[PDB]
Structures are given as C-alpha cells and as structure tokens.
Amino acid sequence: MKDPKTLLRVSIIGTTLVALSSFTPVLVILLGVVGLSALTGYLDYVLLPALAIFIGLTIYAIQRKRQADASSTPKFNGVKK
C-alpha cells in the first residue's frame, strides 16, 4: 500500500503465478486424460502423450529466463526510481 512503486508490483507478482499457472492444468488434465481412457480404452495412448510434460518443461524454462533477471537485476524497479 506504500508508494505506488510497490503497490503496482501486484501485476508482476500476480502475473507471475498466472503466467506459470497457465501450465499447471497440464498435470491436472493428465489425470483426467488417463482416467478418461478407462471408458474408451486409450491405456496405450497415456504414457506416450505424457512426454508432452517433459517437452513443455524445456520450453517453459524460457518463460522464467526473463523473470530470472527481473527477479534479481533491480532493473524493473530501477525504472521507477
């Protein structure tokens, strides 16, 4: 609530969870994907599609790449100064 310097920070921190979360569903969805196979019978197509998590994991890393510096390098807050 202090100077708008930290108040507006809600966006960065708030956008951080939403951004990273935009991938969390994959894990939750996977549970439903395999569970759904029970009815139709995709037991075969459950382990293969799982690799998507590993593949996506490498990509998601690029998302943190910037946040890494933004988290440390006081450049983001440095501008407010």
# chains A, B, ... in the order shown; residues from 1 in each chain; ligands from 1
call {"tool": "select_by_dssp", "arguments": {"residues": "segment 7-38 of chain A", "states": "alpha helix (DSSP H)", "output": "list in words"}}
result
residues 7, 10, 11, 12, 13, 14, 15, 16, 17, 18, 19, 20, 21, 25, 26, 27, 28, 29, 30, 31, 32, 33, 34, 35, 36, 37 and 38 of chain A
call {"tool": "closest_residue", "arguments": {"among": "A:79, A:31, A:26, A:36", "to": "residue 52 of chain A", "atoms": "only C-alpha atoms"}}
result
A:26
call {"tool": "residues_around", "arguments": {"residues": "residue 33 of chain A", "least_positions_apart": "2", "cutoff": "10 Å", "atoms": "only C-alpha atoms", "output": "mmCIF file with N, CA, C and O atoms, in the first residue's frame"}}
result
data_model
loop_
_atom_site.group_PDB
_atom_site.id
_atom_site.type_symbol
_atom_site.label_atom_id
_atom_site.label_comp_id
_atom_site.auth_asym_id
_atom_site.auth_seq_id
_atom_site.Cartn_x
_atom_site.Cartn_y
_atom_site.Cartn_z
ATOM 1 N N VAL A 26 -1.938 -28.747 -17.069
ATOM 2 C CA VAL A 26 -1.417 -29.905 -17.796
ATOM 3 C C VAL A 26 -1.344 -31.129 -16.875
ATOM 4 O O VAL A 26 -1.779 -32.217 -17.252
ATOM 5 N N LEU A 27 -0.794 -30.950 -15.676
ATOM 6 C CA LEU A 27 -0.685 -32.054 -14.730
ATOM 7 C C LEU A 27 -2.074 -32.535 -14.314
ATOM 8 O O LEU A 27 -2.351 -33.734 -14.328
ATOM 9 N N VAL A 28 -2.938 -31.595 -13.953
ATOM 10 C CA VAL A 28 -4.293 -31.933 -13.537
ATOM 11 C C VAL A 28 -5.052 -32.588 -14.686
ATOM 12 O O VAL A 28 -5.764 -33.572 -14.490
ATOM 13 N N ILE A 29 -4.893 -32.034 -15.881
ATOM 14 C CA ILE A 29 -5.564 -32.567 -17.057
ATOM 15 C C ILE A 29 -5.094 -33.992 -17.333
ATOM 16 O O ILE A 29 -5.902 -34.868 -17.645
ATOM 17 N N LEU A 30 -3.787 -34.219 -17.226
ATOM 18 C CA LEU A 30 -3.233 -35.539 -17.487
ATOM 19 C C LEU A 30 -3.986 -36.591 -16.675
ATOM 20 O O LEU A 30 -4.275 -37.678 -17.170
ATOM 21 N N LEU A 31 -4.305 -36.256 -15.428
ATOM 22 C CA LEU A 31 -5.021 -37.186 -14.567
ATOM 23 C C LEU A 31 -6.364 -37.542 -15.201
ATOM 24 O O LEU A 31 -6.791 -38.693 -15.167
ATOM 25 N N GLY A 35 -7.647 -41.073 -16.914
ATOM 26 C CA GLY A 35 -8.893 -41.526 -16.313
ATOM 27 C C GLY A 35 -9.964 -41.716 -17.378
ATOM 28 O O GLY A 35 -10.772 -42.642 -17.304
ATOM 29 N N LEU A 36 -9.960 -40.833 -18.373
ATOM 30 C CA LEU A 36 -10.933 -40.912 -19.453
ATOM 31 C C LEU A 36 -10.710 -42.178 -20.279
ATOM 32 O O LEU A 36 -11.658 -42.762 -20.801
ATOM 33 N N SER A 37 -9.452 -42.593 -20.401
ATOM 34 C CA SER A 37 -9.121 -43.784 -21.173
ATOM 35 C C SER A 37 -9.883 -44.998 -20.650
ATOM 36 O O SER A 37 -10.162 -45.933 -21.388
ATOM 37 N N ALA A 38 -10.205 -44.969 -19.369
ATOM 38 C CA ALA A 38 -10.923 -46.079 -18.751
ATOM 39 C C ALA A 38 -12.199 -46.408 -19.532
ATOM 40 O O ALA A 38 -12.486 -47.573 -19.808
ATOM 41 N N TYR A 42 -7.834 -46.027 -23.867
ATOM 42 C CA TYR A 42 -6.639 -45.468 -24.513
ATOM 43 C C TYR A 42 -5.386 -45.813 -23.711
ATOM 44 O O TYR A 42 -4.328 -45.254 -23.962
ATOM 45 N N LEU A 43 -5.519 -46.719 -22.742
ATOM 46 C CA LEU A 43 -4.380 -47.124 -21.901
ATOM 47 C C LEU A 43 -3.055 -47.057 -22.681
ATOM 48 O O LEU A 43 -2.004 -46.769 -22.112
ATOM 49 N N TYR A 45 -2.397 -44.944 -25.279
ATOM 50 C CA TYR A 45 -2.085 -43.533 -25.524
ATOM 51 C C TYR A 45 -2.119 -42.716 -24.231
ATOM 52 O O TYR A 45 -2.816 -41.707 -24.150
ATOM 53 N N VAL A 46 -1.380 -43.163 -23.219
ATOM 54 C CA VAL A 46 -1.338 -42.457 -21.930
ATOM 55 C C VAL A 46 0.105 -42.155 -21.534
ATOM 56 O O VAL A 46 0.405 -41.081 -21.009
ATOM 57 N N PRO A 49 1.801 -39.605 -24.665
ATOM 58 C CA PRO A 49 1.395 -38.166 -24.536
ATOM 59 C C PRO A 49 1.967 -37.510 -23.276
ATOM 60 O O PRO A 49 1.989 -36.285 -23.162
ATOM 61 N N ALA A 50 2.428 -38.330 -22.338
ATOM 62 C CA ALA A 50 2.997 -37.814 -21.099
ATOM 63 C C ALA A 50 4.279 -37.036 -21.391
ATOM 64 O O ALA A 50 4.603 -36.068 -20.704
#
call {"tool": "residues_around", "arguments": {"residues": "residue 78 of chain A", "least_positions_apart": "5", "cutoff": "12 Å", "atoms": "only C-alpha atoms", "output": "PyMOL selection string"}}
result
chain A and resi 5-6+70-73
call {"tool": "write_last_selection", "arguments": {"atoms": "N, CA, C and O atoms", "output": "tab-separated table (two decimals), in the first residue's frame"}}
result
chain	number	residue	atom	x	y	z
A	5	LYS	N	5.20	2.50	-6.07
A	5	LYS	CA	6.36	1.78	-6.56
A	5	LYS	C	6.23	0.28	-6.28
A	5	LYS	O	6.65	-0.54	-7.09
A	6	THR	N	5.66	-0.06	-5.12
A	6	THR	CA	5.48	-1.47	-4.74
A	6	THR	C	4.03	-1.90	-4.89
A	6	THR	O	3.74	-3.08	-5.05
A	70	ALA	N	14.68	-10.29	-13.96
A	70	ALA	CA	13.70	-9.37	-13.38
A	70	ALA	C	13.60	-9.59	-11.87
A	70	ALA	O	13.35	-8.65	-11.11
A	71	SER	N	13.79	-10.83	-11.44
A	71	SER	CA	13.72	-11.16	-10.03
A	71	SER	C	14.93	-10.60	-9.29
A	71	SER	O	14.81	-10.10	-8.17
A	72	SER	N	16.10	-10.67	-9.93
A	72	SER	CA	17.33	-10.17	-9.32
A	72	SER	C	17.63	-8.76	-9.81
A	72	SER	O	17.35	-7.78	-9.11
A	73	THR	N	18.20	-8.65	-11.01
A	73	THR	CA	18.54	-7.35	-11.58
A	73	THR	C	17.44	-6.32	-11.27
A	73	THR	O	16.39	-6.33	-11.92
call {"tool": "atom_distance", "arguments": {"atom1": "atom CA of residue 16 of chain A", "atom2": "atom CA of residue 81 of chain A"}}
result
22.2 Å
call {"tool": "closest_residue", "arguments": {"among": "A:20, A:15, A:34, A:7", "to": "residue 56 of chain A", "atoms": "only C-alpha atoms"}}
result
A:20
call {"tool": "atom_distance", "arguments": {"atom1": "atom CA of residue 55 of chain A", "atom2": "atom CA of residue 23 of chain A"}}
result
12.3 Å
